[PDB]
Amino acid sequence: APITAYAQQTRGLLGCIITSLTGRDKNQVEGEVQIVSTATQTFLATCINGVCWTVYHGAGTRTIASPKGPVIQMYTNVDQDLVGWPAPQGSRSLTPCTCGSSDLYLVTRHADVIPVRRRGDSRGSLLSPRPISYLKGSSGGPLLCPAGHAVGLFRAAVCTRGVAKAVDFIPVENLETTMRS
């Protein structure tokens, strides 16, 4: 079966700020990818193997709001640009890619999926380039293999005059390495 995705908004600007300060979030959680926000920015967090992972450049050192109050990070790695929290109750986890494939599929915050060719263990190129603004807010989102398993997390676009030609990602192996230290 093919990779298809939908986005749902669960919370507006004002509710997000309030929840940010109290750290207490009563909403029901569903899905594999969470749309995530701070005061300055919005990005993605991907659940893999029971852990909810995102980019350090987004979450910094922060807790995540949960039904029990704020939750502290389980993993933190400034160098790989990674953070992880326990996956929220109700989320569903992806599992790492174990096929060896180099045809990847990036899932953006608007729930579009875009083909990428793996070009090395941390880079891939867009088979069909898009303006950088199509990728804004997609940091921490998943790169998928054809069977829908996780190959990596989107980190940054590689672009040229505002057009994304390629993407840097954190390989799923860096996740295991972060978990070990």
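Residue positions are given as counts along the sequence shown, with the first one as 1.
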property	result
Stretch with the greater mean C-alpha B-factor as recorded in the entry, comparing 106-114 against 74-82	74-82
11-19 versus 155-163 - greater average Cα B-factor per the deposited record	155-163
Criterion, highest CA B-factor; candidates, 142, 50, 131, 31	131
Selection from 39, 59, 35, 65 [criterion: highest C-alpha temperature factor in the record]	39
Assigned third (lowest, middle, highest) for the C-alpha B factor of residue 150	middle
Relative C-alpha B-factor of residue 100, binned into the chain's lowest, middle or highest third	highest
